[PDB]
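Colleague: My structure is below; once you've seen it, I'll send some questions.
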Amino acid sequence: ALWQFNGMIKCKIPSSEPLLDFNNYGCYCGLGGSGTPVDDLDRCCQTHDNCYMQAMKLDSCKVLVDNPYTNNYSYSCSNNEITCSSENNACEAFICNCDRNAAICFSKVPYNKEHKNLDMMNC
Ligand SMILES: [Ca+2]
Ligand SMILES: [Cl-]
């Protein structure tokens with residue numbers, strides 16, 4: 001769920017308020033998306049959106065209203081490393097992996113302030 005994703009991003013980027021810094025960025029960082037990613041961070045967000053789409057294709061998520069932004073899962077942050085838990089069931093585990101991969105991706109790409117609150121005519 002969004003709560004866990006926020007904490008994962010803070011795990012990798014301890015100075016951030018992720019729900020501010022990484023929402024309404026580019027064409028993809030925020031709910032849904034369109035167009036061509038404007039930079040590698042936006043591409044991280046495109047991949048994450050795609051991962052949530054793939055998740056929802058799984059029968060294990062379809063059985064539970066396991067909507068990735070609201071589906072709680074278990075993970076830890078320790079020494080700024082994210083670990084998804086073996087106690088997660090299949091849908092939860094898939095979402096946790098999507099979120100972990102995106103958090104790591106965000107932490108390894110430039111953050112370009114010119115792409116914050118981008119005009120969608122760019123998308
Ligand atoms: Ca999105
Ligand atoms: Cl990690």
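Starting from 1 in every chain, residues are counted up; chains themselves are A, B, ... following the order of the structure tokens, and ligands are numbered from 1 as listed.
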Show me, as a VMD selection string, the residues that have an atom within 10 Å of residue 5 (chain A) when counting only C-alpha atoms, minus same-chain residues fewer than 6 positions from it.

Modeller: chain A and resid 11 18 to 19 69 72 to 73 75 95 to 96 98 to 100 102 to 103

Colleague: Can you write out the residues you just picked, keeping N, CA and C atoms, as a compact mmCIF listing (two decimals), in the first residue's frame?

Modeller:
# COMPACT_ATOMS: atom_id res chain seq x y z
N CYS A 11 13.50 4.67 3.02
CA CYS A 11 14.59 3.74 3.31
C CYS A 11 15.79 4.00 2.43
N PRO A 18 8.61 11.20 0.30
CA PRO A 18 8.34 10.67 -1.06
C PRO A 18 7.00 11.05 -1.62
N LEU A 19 5.97 11.15 -0.78
CA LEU A 19 4.64 11.44 -1.30
C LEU A 19 4.50 12.86 -1.80
N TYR A 69 -2.30 0.17 -4.42
CA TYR A 69 -2.12 1.30 -3.52
C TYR A 69 -2.75 1.12 -2.15
N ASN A 72 -2.01 -3.82 1.84
CA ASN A 72 -0.90 -3.88 2.76
C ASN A 72 -0.04 -5.13 2.54
N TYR A 73 1.25 -4.98 2.72
CA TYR A 73 2.22 -6.07 2.70
C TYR A 73 3.24 -5.79 3.80
N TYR A 75 7.33 -5.61 4.90
CA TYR A 75 8.70 -5.43 4.49
C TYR A 75 9.46 -4.82 5.67
N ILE A 95 3.51 -7.10 -5.30
CA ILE A 95 3.44 -5.65 -5.09
C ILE A 95 4.65 -5.18 -4.33
N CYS A 96 5.04 -5.91 -3.28
CA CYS A 96 6.19 -5.50 -2.51
C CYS A 96 7.43 -5.42 -3.43
N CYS A 98 7.44 -4.85 -6.71
CA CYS A 98 7.29 -3.68 -7.57
C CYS A 98 7.77 -2.43 -6.85
N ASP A 99 7.34 -2.27 -5.59
CA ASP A 99 7.65 -1.09 -4.80
C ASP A 99 9.13 -1.04 -4.46
N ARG A 100 9.73 -2.17 -4.07
CA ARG A 100 11.14 -2.19 -3.76
C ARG A 100 11.97 -1.81 -4.98
N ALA A 102 11.11 -0.01 -7.53
CA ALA A 102 10.95 1.41 -7.82
C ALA A 102 11.68 2.28 -6.84
N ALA A 103 11.63 1.96 -5.55
CA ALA A 103 12.35 2.75 -4.57
C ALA A 103 13.83 2.77 -4.87

Colleague: Mind checking which residues fall within 7 Å of residue 91 (chain A), counting only C-alpha atoms, ignoring those fewer than 5 positions away in the same chain, and posting them as an MDAnalysis selection string?

Modeller: chainID A and resid 55 60:61

Colleague: Take the residues from that selection and write them out as a compact mmCIF listing (two decimals), in the first residue's frame, keeping C-alpha atoms.

Modeller:
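So the final result, stored in result23.txt, reads:
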# COMPACT_ATOMS: atom_id res chain seq x y z
CA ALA A 55 0.24 -7.53 -10.59
CA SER A 60 -3.94 -14.08 -6.77
CA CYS A 61 -4.59 -10.37 -6.77

Colleague: Could you tell me which of A:51, A:8, A:29, A:123 comes closest to ligand 2 if we count only C-alpha atoms and all ligand atoms?

Modeller: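 Distance minimum relative to ligand 2 lands on A:8.
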
Colleague: Find the nearest atom pair between each residue of chain A and ligand 1 for residues within 7 Å, count only C-alpha atoms and all ligand atoms, give distances in Å to one decimal, sort rows by chain and ascending number, and present the table as CSV.

Modeller:
residue,atom,partner,partner_atom_place_in_ligand_line,distance
A:28,CA,ligand 1,1 (Ca),4.2
A:29,CA,ligand 1,1 (Ca),4.7
A:30,CA,ligand 1,1 (Ca),4.3
A:31,CA,ligand 1,1 (Ca),4.3
A:32,CA,ligand 1,1 (Ca),3.8
A:33,CA,ligand 1,1 (Ca),4.8
A:45,CA,ligand 1,1 (Ca),5.9
A:46,CA,ligand 1,1 (Ca),6.3
A:49,CA,ligand 1,1 (Ca),5.3

Colleague: Go ahead and write the selection's residues with N, CA and C atoms as a compact mmCIF listing (two decimals), in the first residue's frame.

Modeller:
# COMPACT_ATOMS: atom_id res chain seq x y z
N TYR A 28 4.67 10.12 -15.55
CA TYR A 28 4.33 8.86 -14.93
C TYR A 28 4.38 8.85 -13.41
N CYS A 29 5.08 9.75 -12.74
CA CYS A 29 5.19 9.67 -11.27
C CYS A 29 3.95 10.35 -10.66
N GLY A 30 3.02 9.53 -10.23
CA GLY A 30 1.69 9.95 -9.78
C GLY A 30 0.73 8.88 -10.26
N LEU A 31 -0.56 9.07 -9.99
CA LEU A 31 -1.55 8.10 -10.43
C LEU A 31 -1.63 8.08 -11.93
N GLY A 32 -1.72 6.90 -12.53
CA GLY A 32 -1.66 6.65 -13.96
C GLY A 32 -0.52 7.30 -14.72
N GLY A 33 -0.70 7.59 -16.01
CA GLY A 33 0.42 8.03 -16.82
C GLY A 33 0.09 8.01 -18.30
N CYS A 45 9.07 5.35 -12.79
CA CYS A 45 7.66 5.40 -12.50
C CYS A 45 6.85 4.67 -13.55
N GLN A 46 7.24 4.76 -14.82
CA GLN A 46 6.54 3.99 -15.85
C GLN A 46 6.67 2.50 -15.56
N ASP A 49 4.39 1.56 -12.74
CA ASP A 49 3.00 1.50 -13.19
C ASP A 49 2.75 0.20 -13.92

Colleague: From a DSSP pass on the backbone, collect the residues of chain A flagged as helix (DSSP H, G or I) and hand them back as JSON, numbers by chain.

Modeller: {"A": [2, 3, 4, 5, 6, 7, 8, 9, 10, 11, 12, 18, 19, 20, 21, 40, 41, 42, 43, 44, 45, 46, 47, 48, 49, 50, 51, 52, 53, 54, 55, 56, 57, 59, 60, 61, 62, 90, 91, 92, 93, 94, 95, 96, 97, 98, 99, 100, 101, 102, 103, 104, 105, 106, 107, 113, 114, 115, 120, 121, 122]}

Colleague: Could you pull out the residues sitting within 9 Å of ligand 2, using only C-alpha atoms and all ligand atoms, and write them as a PyMOL selection string?

Modeller: chain A and resi 8+11-12+77-83+100-101+103-104

Colleague: Go ahead and dump the residues you just picked, N, CA, C and O atoms, as a PDB file, in the first residue's frame.

Modeller:
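Saved result, result-v2.pdb, follows:
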ATOM      1  N   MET A   8       9.462   2.656   1.990  1.00  0.00           N
ATOM      2  CA  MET A   8      10.581   2.107   1.187  1.00  0.00           C
ATOM      3  C   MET A   8      11.415   3.183   0.548  1.00  0.00           C
ATOM      4  O   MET A   8      12.631   3.082   0.475  1.00  0.00           O
ATOM      5  N   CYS A  11      13.505   4.673   3.023  1.00  0.00           N
ATOM      6  CA  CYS A  11      14.587   3.745   3.312  1.00  0.00           C
ATOM      7  C   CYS A  11      15.794   3.997   2.434  1.00  0.00           C
ATOM      8  O   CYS A  11      16.946   4.025   2.914  1.00  0.00           O
ATOM      9  N   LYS A  12      15.556   4.187   1.151  1.00  0.00           N
ATOM     10  CA  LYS A  12      16.632   4.422   0.183  1.00  0.00           C
ATOM     11  C   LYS A  12      17.057   5.870   0.101  1.00  0.00           C
ATOM     12  O   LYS A  12      18.208   6.141  -0.279  1.00  0.00           O
ATOM     13  N   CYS A  77      12.951  -2.145   6.482  1.00  0.00           N
ATOM     14  CA  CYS A  77      14.083  -1.287   6.165  1.00  0.00           C
ATOM     15  C   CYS A  77      15.148  -1.516   7.252  1.00  0.00           C
ATOM     16  O   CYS A  77      14.861  -1.403   8.441  1.00  0.00           O
ATOM     17  N   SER A  78      16.365  -1.834   6.859  1.00  0.00           N
ATOM     18  CA  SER A  78      17.450  -2.007   7.809  1.00  0.00           C
ATOM     19  C   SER A  78      18.730  -1.595   7.106  1.00  0.00           C
ATOM     20  O   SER A  78      19.026  -2.068   6.018  1.00  0.00           O
ATOM     21  N   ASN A  79      19.500  -0.681   7.700  1.00  0.00           N
ATOM     22  CA  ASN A  79      20.714  -0.178   7.078  1.00  0.00           C
ATOM     23  C   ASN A  79      20.451   0.298   5.651  1.00  0.00           C
ATOM     24  O   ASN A  79      21.252   0.094   4.748  1.00  0.00           O
ATOM     25  N   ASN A  80      19.305   0.933   5.499  1.00  0.00           N
ATOM     26  CA  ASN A  80      18.884   1.530   4.231  1.00  0.00           C
ATOM     27  C   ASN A  80      18.741   0.467   3.126  1.00  0.00           C
ATOM     28  O   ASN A  80      18.800   0.835   1.958  1.00  0.00           O
ATOM     29  N   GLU A  81      18.448  -0.766   3.505  1.00  0.00           N
ATOM     30  CA  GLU A  81      18.113  -1.859   2.605  1.00  0.00           C
ATOM     31  C   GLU A  81      16.689  -2.317   2.855  1.00  0.00           C
ATOM     32  O   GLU A  81      16.263  -2.462   4.007  1.00  0.00           O
ATOM     33  N   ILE A  82      15.982  -2.547   1.766  1.00  0.00           N
ATOM     34  CA  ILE A  82      14.619  -3.036   1.778  1.00  0.00           C
ATOM     35  C   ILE A  82      14.584  -4.554   1.648  1.00  0.00           C
ATOM     36  O   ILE A  82      15.230  -5.088   0.740  1.00  0.00           O
ATOM     37  N   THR A  83      13.820  -5.211   2.495  1.00  0.00           N
ATOM     38  CA  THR A  83      13.592  -6.659   2.371  1.00  0.00           C
ATOM     39  C   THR A  83      12.102  -6.908   2.396  1.00  0.00           C
ATOM     40  O   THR A  83      11.417  -6.559   3.350  1.00  0.00           O
ATOM     41  N   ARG A 100       9.733  -2.172  -4.072  1.00  0.00           N
ATOM     42  CA  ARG A 100      11.140  -2.193  -3.761  1.00  0.00           C
ATOM     43  C   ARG A 100      11.966  -1.806  -4.982  1.00  0.00           C
ATOM     44  O   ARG A 100      12.895  -0.994  -4.905  1.00  0.00           O
ATOM     45  N   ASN A 101      11.644  -2.398  -6.122  1.00  0.00           N
ATOM     46  CA  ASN A 101      12.377  -2.068  -7.341  1.00  0.00           C
ATOM     47  C   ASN A 101      12.279  -0.612  -7.685  1.00  0.00           C
ATOM     48  O   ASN A 101      13.272  -0.004  -8.087  1.00  0.00           O
ATOM     49  N   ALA A 103      11.625   1.958  -5.553  1.00  0.00           N
ATOM     50  CA  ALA A 103      12.348   2.746  -4.569  1.00  0.00           C
ATOM     51  C   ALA A 103      13.829   2.770  -4.868  1.00  0.00           C
ATOM     52  O   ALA A 103      14.501   3.790  -4.815  1.00  0.00           O
ATOM     53  N   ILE A 104      14.362   1.579  -5.191  1.00  0.00           N
ATOM     54  CA  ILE A 104      15.796   1.499  -5.548  1.00  0.00           C
ATOM     55  C   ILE A 104      16.040   2.328  -6.819  1.00  0.00           C
ATOM     56  O   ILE A 104      17.014   3.092  -6.880  1.00  0.00           O
TER      57      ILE A 104
END

Colleague: Record the distance separating CA of residue 57 (chain A) and CA of residue 70 (chain A), expressed in Å with one decimal.

Modeller: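 Between CA of residue 57 (chain A) and CA of residue 70 (chain A) the gap is 16.4 Å.
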
Colleague: One number please: CA of residue 116 (chain A) to CA of residue 24 (chain A), in Å, one decimal.

Modeller: 6.2 Å

Colleague: Just give me the gap between CA of residue 105 (chain A) and CA of residue 41 (chain A) in Å, one decimal is fine.

Modeller: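 Here the two named atoms are 7.4 Å from each other.
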
Colleague: Would you please work out which residue, of A:44, A:9, A:74, A:68, is nearest to residue 25 (chain A) when using only C-alpha atoms?

Modeller: A:44

Colleague: For a quick check of understanding, using only C-alpha atoms, which of A:43, A:16, A:21, A:7 has the smallest distance to residue 113 (chain A)?

Modeller: A:21

Colleague: Under the rule that only C-alpha atoms are counted, which of A:20, A:89, A:50, A:66 is the nearest residue to residue 34 (chain A)?

Modeller: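 Looking only at the distances to residue 34 (chain A), the closest residue turns out to be A:50.
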
Colleague: Enumerate as a list in words all residues of chain A assigned to strand (DSSP E or B) by DSSP on the backbone, naming them with the chain letters and numbers the document uses.

Modeller: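 The strand (DSSP E or B) residues within chain A come out as residues 25, 29, 75, 76, 77, 78, 81, 82, 83, 84 and 116 of chain A.
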
Colleague: Now that the selection is made, can you save its residues with N, CA and C atoms as a PDB file, in the first residue's frame?

Modeller:
ATOM      1  N   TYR A  25       5.386  14.194 -10.765  1.00  0.00           N
ATOM      2  CA  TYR A  25       6.657  14.368 -11.406  1.00  0.00           C
ATOM      3  C   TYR A  25       6.560  13.710 -12.784  1.00  0.00           C
ATOM      4  N   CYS A  29       5.082   9.751 -12.745  1.00  0.00           N
ATOM      5  CA  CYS A  29       5.189   9.665 -11.273  1.00  0.00           C
ATOM      6  C   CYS A  29       3.954  10.346 -10.664  1.00  0.00           C
ATOM      7  N   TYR A  75       7.332  -5.608   4.905  1.00  0.00           N
ATOM      8  CA  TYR A  75       8.703  -5.431   4.495  1.00  0.00           C
ATOM      9  C   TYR A  75       9.463  -4.816   5.668  1.00  0.00           C
ATOM     10  N   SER A  76      10.775  -4.845   5.599  1.00  0.00           N
ATOM     11  CA  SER A  76      11.633  -4.119   6.518  1.00  0.00           C
ATOM     12  C   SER A  76      12.575  -3.204   5.789  1.00  0.00           C
ATOM     13  N   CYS A  77      12.951  -2.145   6.482  1.00  0.00           N
ATOM     14  CA  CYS A  77      14.083  -1.287   6.165  1.00  0.00           C
ATOM     15  C   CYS A  77      15.148  -1.516   7.252  1.00  0.00           C
ATOM     16  N   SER A  78      16.365  -1.834   6.859  1.00  0.00           N
ATOM     17  CA  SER A  78      17.450  -2.007   7.809  1.00  0.00           C
ATOM     18  C   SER A  78      18.730  -1.595   7.106  1.00  0.00           C
ATOM     19  N   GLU A  81      18.448  -0.766   3.505  1.00  0.00           N
ATOM     20  CA  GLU A  81      18.113  -1.859   2.605  1.00  0.00           C
ATOM     21  C   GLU A  81      16.689  -2.317   2.855  1.00  0.00           C
ATOM     22  N   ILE A  82      15.982  -2.547   1.766  1.00  0.00           N
ATOM     23  CA  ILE A  82      14.619  -3.036   1.778  1.00  0.00           C
ATOM     24  C   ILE A  82      14.584  -4.554   1.648  1.00  0.00           C
ATOM     25  N   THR A  83      13.820  -5.211   2.495  1.00  0.00           N
ATOM     26  CA  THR A  83      13.592  -6.659   2.371  1.00  0.00           C
ATOM     27  C   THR A  83      12.102  -6.908   2.396  1.00  0.00           C
ATOM     28  N   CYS A  84      11.596  -7.541   1.331  1.00  0.00           N
ATOM     29  CA  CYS A  84      10.232  -8.037   1.324  1.00  0.00           C
ATOM     30  C   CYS A  84      10.143  -9.340   2.090  1.00  0.00           C
ATOM     31  N   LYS A 116       9.013  18.581 -12.326  1.00  0.00           N
ATOM     32  CA  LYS A 116       8.008  18.488 -11.278  1.00  0.00           C
ATOM     33  C   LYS A 116       6.770  19.247 -11.747  1.00  0.00           C
TER      34      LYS A 116
END
